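K.L.:
Structure for this input, please:
(4 chains)
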Protein chains: 4
Amino acid sequence: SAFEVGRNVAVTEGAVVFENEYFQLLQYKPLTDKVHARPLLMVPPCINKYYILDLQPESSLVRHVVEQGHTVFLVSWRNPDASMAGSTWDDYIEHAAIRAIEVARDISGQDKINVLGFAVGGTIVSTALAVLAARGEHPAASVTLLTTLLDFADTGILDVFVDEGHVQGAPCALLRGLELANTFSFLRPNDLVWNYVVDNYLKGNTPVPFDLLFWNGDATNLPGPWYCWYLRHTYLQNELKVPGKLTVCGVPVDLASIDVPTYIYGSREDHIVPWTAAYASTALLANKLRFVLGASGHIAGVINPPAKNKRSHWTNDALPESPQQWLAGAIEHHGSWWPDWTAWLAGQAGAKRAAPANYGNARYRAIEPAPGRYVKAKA
Amino acid sequence: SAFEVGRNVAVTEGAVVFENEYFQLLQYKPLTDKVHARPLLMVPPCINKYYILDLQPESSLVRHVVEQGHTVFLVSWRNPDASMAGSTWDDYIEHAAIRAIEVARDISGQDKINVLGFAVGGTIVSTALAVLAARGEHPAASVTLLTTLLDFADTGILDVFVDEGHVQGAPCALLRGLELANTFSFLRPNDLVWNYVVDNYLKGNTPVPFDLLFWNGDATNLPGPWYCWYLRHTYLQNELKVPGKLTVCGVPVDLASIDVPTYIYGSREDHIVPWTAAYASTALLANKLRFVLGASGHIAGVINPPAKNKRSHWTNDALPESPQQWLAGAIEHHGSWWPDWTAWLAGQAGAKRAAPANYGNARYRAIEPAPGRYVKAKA
Amino acid sequence: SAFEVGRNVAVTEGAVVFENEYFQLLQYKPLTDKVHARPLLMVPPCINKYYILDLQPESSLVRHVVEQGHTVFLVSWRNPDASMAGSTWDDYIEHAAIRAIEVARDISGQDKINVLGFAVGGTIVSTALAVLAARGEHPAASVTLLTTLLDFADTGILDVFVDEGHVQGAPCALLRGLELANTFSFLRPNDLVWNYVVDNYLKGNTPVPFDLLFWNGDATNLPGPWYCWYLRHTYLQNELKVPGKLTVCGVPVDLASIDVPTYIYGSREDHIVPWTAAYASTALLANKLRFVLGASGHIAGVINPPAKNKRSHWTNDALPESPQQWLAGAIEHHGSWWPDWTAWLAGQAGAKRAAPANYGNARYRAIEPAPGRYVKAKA
Amino acid sequence: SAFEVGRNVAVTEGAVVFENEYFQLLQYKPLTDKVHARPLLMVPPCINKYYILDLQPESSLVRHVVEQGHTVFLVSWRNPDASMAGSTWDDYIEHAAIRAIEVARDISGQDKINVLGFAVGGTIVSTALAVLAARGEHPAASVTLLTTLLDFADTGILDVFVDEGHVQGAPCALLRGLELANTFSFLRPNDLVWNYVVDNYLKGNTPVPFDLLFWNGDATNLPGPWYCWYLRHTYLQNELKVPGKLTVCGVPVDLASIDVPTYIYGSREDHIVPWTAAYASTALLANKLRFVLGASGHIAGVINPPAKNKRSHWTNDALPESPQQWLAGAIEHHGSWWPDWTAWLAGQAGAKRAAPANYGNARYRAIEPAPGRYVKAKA
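P.N.:
Residues are numbered from 1 along each chain as shown, chains lettered A, B, ... in the order given. Pasting the structure now:
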């Protein structure tokens, strides 16, 4: 049977508890009698859709975390239409990332929550917490950055231009539009012919899994100004990592101001987010950092549920400046890195108490079942 | 003054002597009293337009070759519109590459002509001569391949997919359409935001020259089936280099059947056509081969006129299997590789005779002045 | 307890059945009631000693193969002294590799034997079989090449010399001597200070295993002319892979003349024998080839016994010219590649018969117990 | 005529003005009527000998600087014998680098001198100035680092060990000895066979120049403890770049404490000192930095005298963290970088005054002519 969101993918039980123009907040039904006091808010990429994190039941990171006894909230992004063709990077920071933190924290009744980002979700959520810290607000107990670029050095975009030249910016706000985006071709063509040829080639000549291809093919639109800002200030000019260089939502962005315990994950054969580029976050972030390297590629490495006991991962408590030095002292362990992370997350999440009986609270009651209608909208 | 094709770029004097739906054949006015008996037919890429080879007068390869005493013909590709949305790779081989060889050879009155390809023009013209050889036809005295991919190994398209998968084609003729193409982003996004951000970034933060950016920004459309075939059978499946694997215009393609003296050029810092990938052509082609490596990038290396006496180039008469072995024995020479090539081309071009007084011949008289109206058509 | 050859490493039960100036032939005691008709002759490197293949009982490749029901013979190289300071590459081919094939085949009473090489042992044994084929002799049923260089392209020795030069051999037989050699620093310094600093660094700051370091530290001498020939004609001039280019023991060496079923193994993170360099053997060898890629480094990848169920390996029955194309279509399987190989080897080894009661035969009776005295000799 | 130090190489006119067990201080004869008030002290590598900087007259950096009107002093290292087999890194810092600064400064009568280092000479002289700064001493007006490693990340020594290990220091002062060293094989074998095969191969099959090979073949001894310390604390543990991590001559080493205008040079195709590794010095050093990239290899790039007008070099006044960003904004200029540097050096060297009539001063009179007897001593 073909893949269908809400039928055989993204089926972990939950409810939409909040929605605005930019996103729906999902809250998942408890699967345990007790849960940690502090919930986990997941911020997935808005390049493709969130359900790479809740793919099928056996492979779902959401379901796994719920079964370890955490309350999980998740940002399901709107797939923007013409009405959002002028949305900016700042709009997304304020009205989705910061808003989601506020609503999840309100529902939880806790002073602090745990947060997670994946891929550009990690870049987004890190920017949001840096904005909040400059406002004097510290709503996060800890941060998990899965496969996240903060330092974009050596991602390859300028390679073909370095040796042109003789031997001797225009504001993003001026753009409007919706640009198709996907993960595996985010720095590659996105057109009918490329998509046709690449998809057909991979399905017949490689073991790339079909549910990955379905997720990647379920494309999302990026608003013009948002895509412009992201391309300009990260991949091209690499300014987010320069403390105070960028102003976002009225304040300078200094990633060191986040200043909470942070778990930083990358995959060794990942060529979308090089693992050395993820590791470069250890030079930027304050407080107690942990870096963990999973084996294999961009998705295969992150989505490696422990039950199957496949692959491996490396740990090293020392954090030298150079990633090769880190790997030289690292120990390889059999199987999934997920138990390493969930044990770390448990230490950040407070004591276990009786699970909630209902979704949301008086202010934010259930709207409709997870996965929600936003994730079903086509580009 | 802004760049304008036919006013301050692509201004070498000439005439259109033939045209069909796919291209116009240009013939340039002699600048010398005598010319070699055999003319040179240039086949430029149809990704962007031909005039990278006739950019400004100081930098024009066309003008330089005409001033060395060769009759030059050149393929100026149609910029396809809706009527050509179904054109195929075979259509282009038969009705443009092979057709241009036939018309140029007819006008010249010679039994054989010299041919040149640049970038995908070199792939196109090599395929055409292999098709012709299988028909028992040998219209070329020699072939010059500038910055040409024939073996597409290690061009990078499959990199992000190699480590996806668990631990354990649809015909191009079905597509229609016109897809925007340019050279520096042929394997990169082509959309309004990318083009805006990249162009603005390069102009303000790099010495990439403005006439290069103008040429690259002067985009061309690729017909759906053509783009599908090119992507599938070269970059993805790398089959052109497998003798007899591909059937084109009714015959198997064996690049070894071209079998004429061949000059093979690449640029050392070229990351669009890696110089080692150009060098791999030496393993495929029969007859007497010469490989020459120019310093610098994709365009800077090829467009290096000798008058300025800039950069350098390497030569080595030995042709080991490995490019690093070639470079280890190579000698570096000061300045442009153009004199090396034109001296080689003179040896293929026959004796010098009085230059022609008029364009074309009785069958093919002048239609309109170079650069012709096809090259002025926008995508 | 410290490592000691014959006490807690290299302890698989066996006997020396033959010896000359160059090597001792070991034959291991059967561990099964029946064995395949055709035995396996292992040719280990003479850079360091053989017992990387019989390290500790849990990690021993020899013991594993004996327990799968093969008679195993093995070349234990002399550690040369002053009397051998003039030994040549040809001497080793004739008086050790070819001699070992002859003696093992004689003892077995079989028309053909299976052979295995590891690292330079694979280069040696491939050269020997190519020499034998040119003599009209085909003593091998199949060949297993573990981590073997035949095509030495891109091994890195010329890298630092490629860009020296202005902008514009002495016979190996003349050398005498013994040069210290080890595996991990074969292309690196071998001196008291390097060995002291590197060993101390690895033991205190990495998980490199101590038995690996013991084996690597148990250095062997290379005769001057042998080391000269190996360096010159493989790493530097890469001529073994050129059919007929080199003359060895009176005949031209054409590796395609070996022409038997061949199993070719490499390890993905191996930077001593790059896996792509091992893969390049598929372009040289005739008959039915299988290529298998193990995960991890030079030794960790090869020495991965299946009982522990660690790591992974890739298979692909297609053999494209390019290794990246091979990997793109490859399937990753959990755990050790050893079962893949032993199942392949069983298909080459004939039917199972009662195991031999005694070592050797009338001509070659047991001399002394394995591991033999040659392997205990210090450099 | 064969190369001979003091006859046709290292012939710039000068005198030894000081000597101790570790080195001779050379002072060159003026070639101009006036010289800058501040002299330049050159600290060459002690791996091979100094005269790579005074090779032949046309190629001599020393002669070129003297002809631009600077007084040049130079450290000519002792080639250590058995009496120095216990010399340490600290011994060399105190009794050669710091001593040479003191003597050159005394002879000059100036409060500050300019200093230059090349290769390990740059590492040595940077350490010495950092030691002096911690003592409250600032004898340098400016520093020139040619092809110098300070940050040794990614130099490749740990590559072969990173993927060994299961799935789960001894003081340098204890060594004695003299270890042969050269530049192009400093991380490669140094033995009779390697040297024989490599030298013979390069001379017959590459354009590597013979005077380079002569210099490289003129090997120097490294004392055991010195070589141990250098290997351990730079290439292996990369600690010099960690402020205060290493204690040298009784004080912590913080390279930021040097704090003088600094010219940092690297060569683009240099694989002994990667240009990106040289560039990494810009992250360590205080005060006004300039980085300049020369084209070509380790020696070809540095030794590029301007008279011949060969090669090119890049400049960029911006200093981003990433070297690729630096190169993307860099402008390529024709020919040698030497005029760029000497113009920079003139700005550091004070006003021009009448040249000295005699070598040295009352305390330090001429001992013997340059090049001196130390440089003639064989290993």
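K.L.:
In space, what's closest to residue A:228 - neighbours in sequence excluded?
P.N.:
Nearest non-adjacent residue to residue A:228, counting by CB to CB, 6 or more residues apart in numbering or on different chains: residue A:172, 3.5 Å away. To be clear about C-beta, it is placed using only N, CA and C from the backbone, and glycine gets the same treatment.
K.L.:
From chain C, how far off is that neighbour?
P.N.:
Using CB to the nearest CB, to the nearest Å, we find residue A:172 at a distance of 37 Å from chain C.
K.L.:
The residue nearest to the spatial centre of chain A: what's it in contact with?
P.N.:
Residue closest to the average C-alpha location in chain A (CA atoms, centre = their mean): residue A:118, at 2.0 Å. Applying CB atoms under 8 Å, 6 or more residues apart in numbering or on different chains, we find residue A:118 in contact with A:42, A:43, A:44, A:45, A:52, A:53, A:146, A:147, A:148, A:302.
K.L.:
Just put these in JSON lines and tack on neighbour count, distance to chain C and secondary structure.
P.N.:
JSON lines is the format used below for those (neighbours: other CB atoms under 10 Å in any protein chain shown; distance: CB to the nearest CB, whole Å; DSSP: H, G, I helix; E, B strand; the rest coil):
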{"residue": "A:42", "neighbour count": "28", "distance to chain C": "28", "secondary structure": "strand"}
{"residue": "A:43", "neighbour count": "30", "distance to chain C": "31", "secondary structure": "strand"}
{"residue": "A:44", "neighbour count": "29", "distance to chain C": "26", "secondary structure": "coil"}
{"residue": "A:45", "neighbour count": "25", "distance to chain C": "25", "secondary structure": "coil"}
{"residue": "A:52", "neighbour count": "26", "distance to chain C": "20", "secondary structure": "helix"}
{"residue": "A:53", "neighbour count": "27", "distance to chain C": "23", "secondary structure": "helix"}
{"residue": "A:146", "neighbour count": "26", "distance to chain C": "22", "secondary structure": "strand"}
{"residue": "A:147", "neighbour count": "26", "distance to chain C": "20", "secondary structure": "coil"}
{"residue": "A:148", "neighbour count": "26", "distance to chain C": "25", "secondary structure": "coil"}
{"residue": "A:302", "neighbour count": "23", "distance to chain C": "16", "secondary structure": "helix"}
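K.L.:
of all the residues you listed, which comes closest to chain B?
P.N.:
The closest of the contacts of residue A:118 to chain B turns out to be residue A:302 (CB to the nearest CB; 11.2 Å).
K.L.:
pretty sure that closest one is touching residue A:293, no?
P.N.:
No. Residue A:302 is beyond contact range of residue A:293, at 11.5 Å (criterion: CB atoms under 8 Å).
K.L.:
Give the residues shared as contacts by those two.
P.N.:
A:265, A:267.
K.L.:
still on that earlier bit, could you count how many residues lie near the residue nearest to residue A:228?
P.N.:
23 (other CB atoms under 10 Å in any protein chain shown).
K.L.:
Look up how far chain C lies from the residue of the stretch 201-350 of chain A found nearest chain D.
P.N.:
Nearest to chain D in the stretch 201-350 of chain A, going by CB to the nearest CB, is residue A:322, at a distance of 4.2 Å. Going from residue A:322 to chain C by CB to the nearest CB gives 13 Å.
K.L.:
ok, and the closest non-adjacent residue to that residue?
P.N.:
residue D:153 (4.2 Å).
K.L.:
does stretch A:280-297 come close to chain B?
P.N.:
Yes. Using CB under 8 Å from any CB of the partner chain, stretch A:280-297 comes into contact with chain B via A:296, A:297.
K.L.:
C-alpha coordinates for that stretch, PDB please?
P.N.:
Provided in PDB are the C-alpha atoms of stretch A:280-297 (Å, rounded to 0.1, in the frame of the first residue of the first chain):
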ATOM      1  CA  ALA A 280      32.000  23.000  14.600                       C
ATOM      2  CA  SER A 281      29.000  23.900  16.800                       C
ATOM      3  CA  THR A 282      31.200  22.900  19.800                       C
ATOM      4  CA  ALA A 283      33.300  26.000  19.200                       C
ATOM      5  CA  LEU A 284      30.200  28.300  19.400                       C
ATOM      6  CA  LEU A 285      28.000  27.200  22.300                       C
ATOM      7  CA  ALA A 286      28.400  27.800  26.000                       C
ATOM      8  CA  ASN A 287      27.700  25.400  28.900                       C
ATOM      9  CA  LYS A 288      28.100  21.600  29.000                       C
ATOM     10  CA  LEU A 289      28.300  20.100  25.500                       C
ATOM     11  CA  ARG A 290      28.200  16.500  24.400                       C
ATOM     12  CA  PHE A 291      29.100  15.500  20.800                       C
ATOM     13  CA  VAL A 292      28.000  12.100  19.400                       C
ATOM     14  CA  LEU A 293      28.800  10.700  16.000                       C
ATOM     15  CA  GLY A 294      26.400   8.100  14.400                       C
ATOM     16  CA  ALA A 295      27.500   5.800  11.600                       C
ATOM     17  CA  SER A 296      26.100   6.100   8.000                       C
ATOM     18  CA  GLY A 297      24.300   8.800   6.000                       C
END
